[PDB]
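Undergrad: Structural data only, the sequence is not supplied:
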Ligand SMILES: Nc1ncnc2c1ncn2[C@@H]1O[C@H](COP(=O)(O)OP(=O)(O)OP(=O)(O)O)[C@@H](O)[C@H]1O
Ligand SMILES: [Ca+2]
Ligand SMILES: [Ca+2]
Ligand SMILES: [Cl-]
Ligand SMILES: [Mg+2]
C-alpha cells in the first residue's frame, strides 16, 4: 500500500475517490462474465479506473449481431469466429497500461467447480442464466472474506442490476465529504475532563462518536489522540481524565473520525422473492416491482423454452403474461401485473439498446469500485433502468419494423424500430466540445448509427484543445501516442473505426461569436440536433442563444465527480438554459484578498493572482510598451516633451531593476519574500495596531479579521527554500537568464544569499518627483547600454497546472502557505492547492458514461419528434446511489394584459420602409401584437425611453439614422420592454426590416 499513484494519469479520479481507495483498487482482481455491450462497457470503465487485474470471460463466438453492440469488434473477427473475449482483449488492454487484462474461454456449467473464483475480490455476471447466477451468488457470499457479487443485464429497453456484498459489508466513507471540524474554546482538568466549543457554532455530536484533536496549546498531550466522547450538552462533551495533563491555554481543533459502518445484504434468492429498492419516483412507486416481475418471467420463459420471446408472437407474449401473473402470486405483496411492461419486454427482449447499456455499465462499474474500496454507499440491491418512453410514444407499431434486416442495426431495430433507426441515420448533429462526454457521445452515435447515410447524414464535432495524459483517464478514444494532438480529429478517426459508414466533420474551432461566420444561422437550421459537452456556462449560454434563434433542440449534460445531470431543451415545448437563475459562484472582497484573509482559499487566490501578475501581465505590458514606443531614447524624449505614455513608470522600473544573472534572480526572490511575508504584516500592524478599537465604540480585529505576524526567512525551513527556488526560476525564465540544477542547490543559494544579503528594516509608509526618478532611471540605462533591444524584451509565462516541472503550482502553494502562516490559517497540500488554483473539477469515467448514455436516449426521442411528456431531465449521484428522472421544465408563456402571449422561442417581426420613425415602430408593434413598446434598445445602445431627456425629439427621428448597422443588413434586431405591471416588463425580440419594396 506504498505504491506511488500516477497523478499525471489519475489526477481528476484522485479527487473523486482518494488515494487510499485507489491503493485498495491497486490490489483488486475482478472477474467479469459475458462480453456483450454491457460487459465491454463495464470492463472499459474498470480498466480505465485502474483495477489491478480484470479477467474477461465469454464462451460465445463473434457474430454480425455483436458488431452493433460491441465497439471494439471487427468483421474479420466475425468471419474467423474468434471468441468475443479474446478478440477485444488487446483493445481493452490499451485503455490502461498499468492494468493486467486476461481472457477466459472456459465453459461455465452447473458441473463446473466454482473454486477458481476465490482469487477474485469481486464477480460481475452478464448474459448468464438465473439458476447459475444463484449458485455463484451462494458460493461468493459464503466465502470469508466474501467475494462481492454483482449481476447486470440489459434486455431490450429494460435493464436489471443487482448487488450483494455479503451479509455484512463495511462502508468506510458514506458521502465522500471531508470530516467536520469543531473548534475548542476550553478543556477542563478533571475526571472526566470536559471539552467546550465556540458558542457561535454547536458541535452537534453523539454520545458514542470518536474525535481526533490537534493544535491545542497548554494541554499539548491531547494533540494526536483519538477519544470516544460523551455529549453533555450542545457545545460540550466529556473525553476522559485530564487532571494529570498540563493546564489548557487556548486553541484546539476536534475532527470527527469516520467509523466504519455496517450494511447488510440478503442473497439473490431471498431478494428475488422479496426485493429491496430505493424508490425515487413516487409518481410511479410500483413501477420497479412490476419490471422485476416481468424480467423474472422472462428468465422463467428462457428456462422453459430455452429461448426468448419472438417479436409479434402472441403465444409467447401470452405465456410471458401467464408466468408474470404466477410470479406476482408468489411475491409477498401480491403486486398487480403490468401488461404494458410484459408486452414490451416480450417485444424487445431479443433486442439490445446500447445507450441504456452504457448507463447501466457506468452504474455497475461504480458498484465494483464500491465493493473493492468501500468508498461510497452501495446500491441497496436492485436498480431497474428503463427506456419505456422511447417505445410508448411510437403508438402501436408494426412488428415488421422491429424484425431483423441482416445488418448491424438489428439490435437497435428490435428496441426502437426501423423508422427511427433510419431517422437516426439521416441526422445532422452538432457536438460542441469533444471531452469525456463528447467521446462517450461519439461512441453512442457510432453504435446508434447516427449520420451513417452518406447522402443526408453529418456529425459535426468541434474542439479547440489538444489531448493530455489526465484526459486519458476518462476519454477512451484517445491514447498516449495521441498526446499533444487535436481532440476532435483523433476522436473522429477512432469513431470511424467503430463504424466505417459514419460521416464526421471535425473542426479545431471554439464556438464563440468570433466563429459565428463558420457556425451561422444557415448551419444551425441545417442541424437537426445540437449537443453540448462543454465545461463552462458562458459557452452553454452562447450555444443556447444560437439554438433559440434558429428554433433547434439542444441537449446539455455535465459531470461533477460522482454527480451528473442531463437537460433537454426542445423548441416551443421546454424552457431554455438561459432561463436559469444564473447565480455568480463567489465574489471575494478585495479587502479579504489583499489585507484580511480568513481562509486558505483566499490565500490560494492571492498566490494565483501574484503568479499571473509577476510572470504574465507585467511581461506583456513591458513588451507592448517598448514595441509601441520603439527606442528607449524616443521614450525618454517623449517623456521630457510631455507626451503621455501609459504604464511608463512600472516599465522603466522593470528596466532599471532587470536581473542580469542567476544571483540577481535569487536576490529578487528573497526580497519579494521579505516584502510579501514580513513587510506587509508590519505595515498592516502599523496602520491598524491590535489595540485600536472604534468601529462600534470599541471594535477592530474581530473574529473575521486575523492579525498578521511577520515571518523570518530560514533557508533550512522547507517552504522558504521552495518559494525561493521556484520564484527565482520563474523570474529567470521571464528575464531569459540561464540556470542549472547546480544553481538551484541550497548550498549555492546560501552562498549567494547569506554572503550578500541587504535587508533594511523599512519604516511604515504612513508612519513630479516620481516622473524625474523615472527619467533618471531611463537616462542611466540608455547611458550604460543596459537598454538594448535585448533588454527591452521579456518572456511571458502561461499558467499550466498539469506540468510538475514548470514550478507554477509549487510557487503558488509555497506563497499561499507562507501567507497563511503569516495570518495563521492552516496550510493546504500541493494537490489540494492545485485543484483550487486551477479550478480542476473531479471526474471519473463511470459518471460520464452514465450521463452520456442517458443523453443519447433523449436524442433518440428528439429525433422521433416525441411529445413533451416523453422527454425527461436527469440528476444522478452514484455515491448514494440515486437516479432522479423528472419531466423537463415546461415552456413558460407570458402575456401582458390585452397582449399576444410570448415565449422564449417566439420573435415578433415588424416591417420598415424608407420613410419610417421611432413613433411608427412603436405604433406598429401596438397594431400587430396589441401591446405598446415603452422601451427600445439595440445592443447596449439605448434608442428610446419615455422618461428621458429629449424623448420627443427621438420619437420623430428617422430609423435609419437612429440605428447604426454598418453591415447595412436587411434587418436589425431590437429589444422591447412594455410598461404594464411598478417596473418595466421584458418582451419578445422584435426584428425590424429596412427593405420591403411593397
Ligand atoms: N466554446 C467551446 N467550443 C468548443 N469546445 C469547447 C468550448 N469550451 C470548452 N470546450 C471544450 O469542452 C470540453 C470539456 O470537456 P472536459 O471537461 O474534459 O475538459 P478538459 O479540458 O479535458 O477538462 P480537465 O481540465 O478536467 O481535463 C474540452 O475539450 C474543451 O476543450
Ligand atoms: Ca413511463
Ligand atoms: Ca486540455
Ligand atoms: Cl510585486
Ligand atoms: Mg473542462
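TA: Nice, thanks for sending it over. Numbering: from 1, shown residues only. Ligands and ions are numbered 1, 2, ... in the order given.

Undergrad: For the residue in the chain positioned nearest to ligand 3, which residues are in contact?
TA: Per CB to the ion, the residue of the chain with the smallest distance to ligand 3 is residue 465, at 4.5 Å. All C-beta atoms are positioned from the backbone trio N, CA, C, and that covers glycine. The neighbourhood of residue 465, defined by CB atoms under 8 Å, 6 or more residues apart in numbering, consists of 486-487.

Undergrad: just use 56 as the starting number from now, easier for me
TA: Shifting the count to begin at 56 puts that one at residue 520.

Undergrad: ok, it to ligand 1 distance?
TA: Counting by CB to the nearest ligand atom, to the nearest Å, the gap from residue 520 to ligand 1 is 3 Å.

Undergrad: Next, the residue in the stretch 156-305 of the chain that ligand 1 sits nearest to: secondary structure please.
TA: Of the stretch 156-305 of the chain, the residue with the smallest distance to ligand 1, taken as CB to the nearest ligand atom, is residue 231 at 18.1 Å. Reducing the assignment to helix, strand or coil with DSSP: H, G, I helix; E, B strand; the rest coil, the entry for residue 231 is coil.

Undergrad: Okay, buried residues for stretch 735-750 please.
TA: 735-736, 738-739, 743 (16 or more other CB atoms under 10 Å).

Undergrad: which ones are touching residue 709?
TA: Going by CB under 8 Å, 6+ apart, residue 709 touches 673, 677, 849.

Undergrad: burial count for the nearest residue to the second one once chain neighbours are set aside?
TA: When you say that, I think you mean residue 677. Nearest-residue entry for residue 677: residue 849, 4.9 Å, with adjacent residues in sequence omitted and distances by CB to CB, 6 or more residues apart in numbering. Each residue near residue 849 was counted by other CB atoms under 10 Å, and the total is 22.

Undergrad: For residue 240, what is the enclosing helix or strand?
TA: strand 236-242 (DSSP states H and E).

Undergrad: what's in contact with that strand?
TA: Applying CB under 8 Å, 6+ apart, the external contacts of strand 236-242 come out as 248-254, 256, 258, 260, 266, 268, 271, 274, 277, 290, 294, 297, 303, 306-311.

Undergrad: wait, is residue 299 part of a strand?
TA: No - with three-state DSSP as the criterion, residue 299 is assigned coil and is not in a strand.

Undergrad: which of the residues in stretch 621-636 are buried?
TA: Judged by neighbour count using 16+ other CB under 10 Å, the buried positions of stretch 621-636 are 621-626, 628-632.

Undergrad: Can you name the residues that contact the closest residue to residue 509 other than its chain neighbours?
TA: Leaving out its chain neighbours, the residue that sits closest to residue 509 by CB to CB, 6+ apart is residue 558, at 6.6 Å. Residue 558 makes contacts with 506-507, 509, 512-514, as judged by CB under 8 Å, 6+ apart.

Undergrad: quick one on the thing from earlier: between the buried residues of stretch 735-750, which sits nearest ligand 1?
TA: Closest approach between the buried residues of stretch 735-750 and ligand 1, by CB to the nearest ligand atom: residue 735, at 32.8 Å.

Undergrad: Touching, the residue of the stretch 156-305 of the chain closest to ligand 1 and residue 934? I think so.
TA: Yes - the criterion here is CB atoms under 8 Å, and residue 231 meets it with residue 934 at 5.6 Å.

Undergrad: Between those two, which contacts overlap?
TA: Residues touching both residue 231 and residue 934 comprise 431, 617, with contact defined as CB under 8 Å, 6+ apart.

Undergrad: Out of those two, name the residue with the larger neighbour count.
TA: When residue 231 and residue 934 are compared on other CB under 10 Å, the one with more neighbours turns out to be residue 934, at 21 against 17.

Undergrad: before we move on, the earlier item: right, and the helix or strand after the strand holding residue 240?
TA: Counting by DSSP H and E, the element after strand 236-242 in chain order, helix or strand, is strand 249-252.

Undergrad: hmm, who's touching that next one?
TA: Under the contact criterion CB under 8 Å, 6+ apart, strand 249-252 has outside partners 237-243, 258, 284, 287, 290-294, 307, 309.

Undergrad: how far is the following helix or strand past that strand from where the chain is centred?
TA: Proceeding N to C from strand 249-252, the next assigned helix or strand is strand 265-272, under DSSP H and E. Relative to its parent chain, strand 265-272 has a centroid offset of 35 Å by CA atoms, centre = their mean, to the nearest Å.

Undergrad: same deal with stretch 75-83?
TA: Averaged C-alpha coordinates place stretch 75-83 at 23 Å from its chain's average position (CA atoms, centre = their mean).

Undergrad: related to what we said a few turns ago, in JSON lines, list the buried residues of stretch 621-636 along with distance to residue 791 and secondary structure.
TA: Compiled in JSON lines, the buried residues of stretch 621-636 are given as follows (distance: CB to CB, whole Å; DSSP: H, G, I helix; E, B strand; the rest coil):
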{"residue": "621", "distance to residue 791": "50", "secondary structure": "strand"}
{"residue": "622", "distance to residue 791": "49", "secondary structure": "strand"}
{"residue": "623", "distance to residue 791": "53", "secondary structure": "strand"}
{"residue": "624", "distance to residue 791": "51", "secondary structure": "strand"}
{"residue": "625", "distance to residue 791": "56", "secondary structure": "coil"}
{"residue": "626", "distance to residue 791": "56", "secondary structure": "coil"}
{"residue": "628", "distance to residue 791": "60", "secondary structure": "coil"}
{"residue": "629", "distance to residue 791": "56", "secondary structure": "strand"}
{"residue": "630", "distance to residue 791": "55", "secondary structure": "coil"}
{"residue": "631", "distance to residue 791": "50", "secondary structure": "coil"}
{"residue": "632", "distance to residue 791": "46", "secondary structure": "helix"}
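
Undergrad: Quick check: the farthest pair among those residues?
TA: 621 and 626 (17.8 Å; CB to CB).

Undergrad: show me what contacts the nearest residue to residue 794 once chain neighbours are set aside?
TA: The shortest distance from residue 794 to any residue that is not its chain neighbour, by CB to CB, 6+ apart, is 4.7 Å, and that residue is residue 717. For residue 717, the contacting residues are 783, 787, 792-794, 798, 807, taking CB under 8 Å, 6+ apart as the criterion.
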